[PDB]
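First comes the structure, then the notes that go with it.
Sequence lines set the chain letters: A, B, ... in the order given, protein chains first and strands last, and positions in each chain run from 1. All heavy atoms count here, side chains included; hydrogens, waters and symmetry mates do not. Just so you know, ligand 1 is whichever comes first in the structure, and atom 1 is the first atom listed for that ligand.
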Amino acid sequence: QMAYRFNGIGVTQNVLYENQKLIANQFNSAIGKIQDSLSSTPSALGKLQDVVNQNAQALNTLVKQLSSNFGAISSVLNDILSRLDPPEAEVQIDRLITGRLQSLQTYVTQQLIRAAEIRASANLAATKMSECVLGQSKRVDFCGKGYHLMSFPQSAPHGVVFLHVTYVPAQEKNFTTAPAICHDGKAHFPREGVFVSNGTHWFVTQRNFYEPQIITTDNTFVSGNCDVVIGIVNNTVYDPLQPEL
Amino acid sequence: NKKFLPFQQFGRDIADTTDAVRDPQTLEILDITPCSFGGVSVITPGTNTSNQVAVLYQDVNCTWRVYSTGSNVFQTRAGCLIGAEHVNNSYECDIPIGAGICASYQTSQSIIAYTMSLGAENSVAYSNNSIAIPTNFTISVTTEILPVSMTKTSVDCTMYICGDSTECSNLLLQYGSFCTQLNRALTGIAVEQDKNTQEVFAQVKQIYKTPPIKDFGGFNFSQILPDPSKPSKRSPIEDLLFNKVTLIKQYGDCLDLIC
Amino acid sequence: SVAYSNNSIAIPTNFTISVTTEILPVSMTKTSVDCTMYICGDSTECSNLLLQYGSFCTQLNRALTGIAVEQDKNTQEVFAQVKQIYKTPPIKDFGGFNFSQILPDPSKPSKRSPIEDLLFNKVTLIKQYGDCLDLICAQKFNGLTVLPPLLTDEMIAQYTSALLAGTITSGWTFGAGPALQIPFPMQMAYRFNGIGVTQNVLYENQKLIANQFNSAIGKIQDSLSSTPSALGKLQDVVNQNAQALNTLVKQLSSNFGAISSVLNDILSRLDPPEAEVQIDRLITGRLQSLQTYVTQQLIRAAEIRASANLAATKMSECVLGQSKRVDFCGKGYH
Ligand SMILES: *[C@@H]1O[C@H](CO)[C@@H](O[C@@H]2O[C@H](CO)[C@@H](O)[C@H](O)[C@H]2NC(C)=O)[C@H](O)[C@H]1NC(C)=O
Ligand SMILES: *[C@@H]1O[C@H](CO)[C@@H](O[C@@H]2O[C@H](CO)[C@@H](O)[C@H](O)[C@H]2NC(C)=O)[C@H](O)[C@H]1NC(C)=O
Ligand SMILES: *[C@@H]1O[C@H](CO)[C@@H](O[C@@H]2O[C@H](CO)[C@@H](O)[C@H](O)[C@H]2NC(C)=O)[C@H](O)[C@H]1NC(C)=O
Ligand SMILES: *[C@@H]1O[C@H](CO)[C@@H](O[C@@H]2O[C@H](CO)[C@@H](O)[C@H](O)[C@H]2NC(C)=O)[C@H](O)[C@H]1NC(C)=O
Ligand SMILES: *[C@@H]1O[C@H](CO)[C@@H](O[C@@H]2O[C@H](CO)[C@@H](O)[C@H](O)[C@H]2NC(C)=O)[C@H](O)[C@H]1NC(C)=O
Ligand SMILES: *[C@@H]1O[C@H](CO)[C@@H](O)[C@H](O)[C@H]1NC(C)=O
Ligand SMILES: *[C@@H]1O[C@H](CO)[C@@H](O)[C@H](O)[C@H]1NC(C)=O
Ligand SMILES: *[C@@H]1O[C@H](CO)[C@@H](O)[C@H](O)[C@H]1NC(C)=O
């Protein structure tokens, strides 16, 4: 399966099969580092804590707004009712009713805006569950930084944590490159890969991993002559048909 | 410079506030201007960490309308900063002040103000016949945390506005379907939270089980697979995530912010 | 009418390299409101009467502070994708491709591209007490202030320049790891392979493709310099914010059922008992105006946040990579 996912990012599967223990060890060490980094950093889950903090703060503000007068003589209904007849108590309780109705309407409006934001975040989380966990994504930075291999979901309080396993290239080397190879008056182009050279010798390799190979007629295809391509390089293209001929 | 017509005494602004007047003894036109102007912000590294603060005065040019001057003053495009030293190095942003200026608390400890650094400089060795190809790789696992739902709340309007008062309830009846509207909105939010959770998590309809022998070619999923020993069948990572987030209350247990 | 037949196909014998613009809003202006100066400006009796309403203005300031922090978060999420400031080489031999209209101009005092200079000239956006003793002055005298963005336009230009240098020197490799250099004709041959065309098509038509690219960039510059309504969305955002602030200023002239709109005219004709009713009416009306402004700002900030999330996604998938999604990064094969 992970050889298939290596094929999905442009690396041949023999790279995985010849490095299976190393890839497994790197995956295990990365999962253990994820466990340690989540156990150490206190502000790692601040996105989920902010939702709980905002909801609790909104409810406590709604409770605390019952102490306001809103232009009336008091904030307690029972103190108004025990000092006034039904007409002036009607006036003061009308002021309190208008103020508390305004407080409730403000709370409901802010909750609607916050719920729209939470719904957008949940639609994004459902899209990431569909495209990162249930498949392999070619979208850049949608499922982590690097070439995405696979993702794993974890439940969290009011949320989801995605563990994105990605492939990162490392230990680059610079080589001399050419667009085409001129062998017999014909221009040769790589079928998949890139011509590279160590100054003296020319090979064709895959683009995301250094694996040099002898430039043959099976590695390359022919298009035109050596007069159109700018930067074409003279080299020999080996023919496998006539050592055995 | 206003020229009043002879029947006029006061001049008004676009907000209908009196901003011009005619002096009744010497007939000259005066412009009235408010005294208070300019916003003020305060910068602290935490009251637990220290007691010194820095004060940012917006709309103040120090090349004054300040509370107290100090030993170090600094003129940013966000205003005049008093109480912070200006250094010439560039770091990452600790406390954002504005206009490319950030502040931090460095060691004798004091608040330093600096221009933020966008990152380390890099120059790719571009040539017209040179390529760079990786010879190795790293397998990297990164976390992404996404909110899905929030708490579903319901409000009894009569108990909030007119709690255990009959006269207030009979007065609240003369406002109409406002509280029915509020409860309808909150019910829609509460239904939407369950819809959000169902859309994120209930993608598959079969409950798949891992095999009892965990031979996966060397790959170890023990930190993300469920732990059968725990009373809650969660992964170790999931148990850590549930411990790291802090979220029936009877009448007899109440008679507390939730109460 | 497509000439459909059961054994007929249409195959293109040529191509066009097309450059199109997409304009996306990212942030809006960060505003702060002093409640006491807006409702009860330089009046002690009004401030004492406003103290009986509670934490309403704390709620309003919390909402506006959240909006102001979210604007800087929007700009950081769109532009600060890479953390290395890549530079272009001093020799600009890119196989015939000419990025001079999008690369920074070192002669200008602001290191901006010619296209970026045109875009900044085509969108029209410290005010001391001494030089105010103007709509901004009237806004600032009623407690309404505009906070500066955390990143200046020079820093955004630096981030854009770093993204451009990384793209034209390394292709999509710098967005997924270390920047691996590659010649630009070979990079666009890779991108031709990404849309299903063999690379010899590019290598045998390199001068024509480079000329089409250069002419399309020059046409983009001319069409942005000619059409005045090209940057309509950013100007609409600026106009909406300015109109909201001016409406908030102009709403101070309303009576709200009281005998006047001036605080001092009420206070100079009435004793504090009969003044207090009118001051309470003005307080309720101006509180309603502030709440309406904050609610509209919250809805507008949600829309701007959606636009900024889309712009960050387009920066990730169109600039840092080659997209197979149809019409996400222009019309045609991206
Ligand atoms: C570029 O590739 C060639 C071909 O592999 C390298 O030549 C080989 O060098 C080793 C050195 O130990 C010899 O043992 C081989 O016999 C050589 N192969 C031949 C002659 O076909 C060459 O060294 C490489 N360039 C560099 C700079 O390492
Ligand atoms: C690549 O190889 C070709 C073929 O051997 C070279 O072309 C010849 O170059 C010589 C010297 O200039 C001429 O006298 C011949 O007439 C050319 N033949 C053809 C068929 O064009 C070419 O010069 C080589 N290129 C490099 C850079 O060495
Ligand atoms: C590719 O990278 C891996 C990871 O760093 C290298 O594996 C390490 O190799 C060193 C030296 O042999 C050992 O000391 C480490 O223990 C290895 N790490 C792991 C996780 O196995 C590997 O050698 C590199 N391969 C090449 C060709 O450079
Ligand atoms: C493919 O299209 C290009 C662009 O239209 C053609 O290039 C033009 O060719 C005409 C006639 O040779 C010239 O007058 C123009 O100056 C060329 N334009 C450019 C930008 O170079 C090209 O000829 C077409 N090729 C085919 C095979 O139809
Ligand atoms: C890239 O295109 C620009 C024009 O868009 C070229 O700049 C022109 O250069 C010529 C000669 O150097 C001047 O006469 C023009 O005034 C320049 N125009 C502008 C708008 O600057 C530039 O030379 C091109 N780059 C290369 C490498 O040829
Ligand atoms: C690279 O540039 C050099 C110097 O201008 C030139 O001689 C060479 O032909 C160029 N190669 C390619 C492939 O453009
Ligand atoms: C502050 O005043 C000085 C004196 O002219 C001026 O040079 C400087 O630009 C001003 N600062 C700002 C941010 O306007
Ligand atoms: C997986 O890792 C844990 C701790 O890292 C270890 O205890 C366990 O034995 C490992 N699983 C296997 C099959 O080795």
Side-chain angles (χ1 to χ4, degrees), chain A residues 11 15-16 18-33 167-173 205 208-212, chain B residues 38 56-66 73-81 86 97-101 115 128 133-141 218-220, chain C residues 19 88-109 112-118 126-132 136 146-149 152-154 164 168 177-178 184 207 210-225:
Chain A
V11 191
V15 175
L16 179 117
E18 287 148 5
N19 297 282
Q20 185 178 326
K21 296 227 182 39
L22 166 76
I23 288 162
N25 288 346
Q26 288 204 58
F27 172 75
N28 297 343
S29 306
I31 294 283
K33 280 197 274 281
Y167 179 102
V168 183
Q171 291 173 224
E172 64 262 34
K173 274 199 50 192
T205 174
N208 298 297
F209 192 74
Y210 184 56
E211 188 172 281
Chain B
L56 178 68
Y57 299 95
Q58 292 91 300
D59 317 309
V60 171
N61 188 299
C62 295
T63 74
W64 290 317
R65 275 174 74 100
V66 289
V73 292
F74 183 41
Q75 188 55 47
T76 93
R77 276 132 84 179
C80 204
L81 179 67
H86 172 47
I97 287 183
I101 306 296
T115 310
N128 67 336
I133 288 190
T135 58
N136 209 348
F137 43 84
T138 38
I139 303 300
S140 71
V141 177
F219 292 89
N220 192 8
Chain C
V19 179
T88 174
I91 176 53
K92 302 284 174 59
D93 170 45
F94 294 118
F97 293 89
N98 190 10
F99 314 104
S100 88
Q101 300 317 108
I102 63 185
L103 280 179
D105 208 349
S107 72
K108 307 305 176 177
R112 279 205 284 263
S113 91
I115 289 178
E116 270 174 325
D117 261 315
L118 170 66
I126 282 179
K127 198 72 144 142
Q128 306 164 71
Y129 188 69
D131 48 71
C132 187
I136 312 194
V146 171
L147 310 161
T152 65
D153 293 335
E154 293 90 47
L164 277 150
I168 74 186
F184 193 78
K207 292 221 181 41
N211 289 345
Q212 286 196 63
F213 174 76
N214 297 347
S215 326
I217 294 282
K219 276 193 264 289
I220 273 297
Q221 176 136 32
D222 295 338
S223 103
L224 273 173
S225 182

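- Residues A:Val15 and B:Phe137 are in side-chain contact: their nearest non-hydrogen atoms beyond the backbone lie under 4.5 Å apart.
- One distance of note links CD1 of C:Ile136 with CG of B:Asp59; it measures 10.5 Å at 0.5 Å rounding.
- With a 4.5 Å cut-off on side-chain heavy atoms, B:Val141 and A:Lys33 do not count as touching.
- Using a 4.5 Å cut-off on side-chain heavy atoms (C-beta onward), C:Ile115 and C:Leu224 make contact.
- One distance of note links CD1 of B:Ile101 with CZ of B:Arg77; it measures 8.0 Å at 0.5 Å rounding.
- Of the inter-residue distances, the one linking A:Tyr167 atom OH with A:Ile23 atom CD1 reads 7.5 Å to the nearest 0.5 angstrom.
- Residues forming a side chain to side chain contact (heavy atoms under 4.5 Å, CB included) with B:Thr135 (at least two apart in sequence, or on another chain): A:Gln171, A:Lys173, A:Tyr210.
- Between B:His86 and B:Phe74, the two ring planes are parallel [angle under 30°; tilted spans 30° to 60°].
- Proximity of C:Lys92 to ligand 5 is not established, as no heavy-atom distance is less than 4.0 Å.
- Listed by chain and number, the residues in a side chain to side chain contact (heavy atoms under 4.5 Å, CB included) with B:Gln58 are B:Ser41, B:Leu56, C:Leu147 (sequence neighbours excluded).
- Remark: C:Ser100 OG to C:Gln221 CD distance equals 8.0 Å, nearest 0.5 Å.
- Listed by chain and residue number, the protein contacts of ligand 7 are B:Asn61, C:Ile126 (heavy atom within 4.0 angstrom).
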For ligand 3, which of its N or O atoms have a protein N or O partner closer than 3.5 Å, and how long is each gap?
| from | atom 1 | to | atom 2 | distance (Å) |
| --- | --- | --- | --- | --- |
| ligand 3 | 2 (O) | B:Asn136 | ND2 | 2.3 |
| ligand 3 | 25 (N) | B:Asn136 | ND2 | 2.9 |
| ligand 3 | 28 (O) | A:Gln171 | NE2 | 3.1 |
| ligand 3 | 28 (O) | B:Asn136 | ND2 | 3.2 |

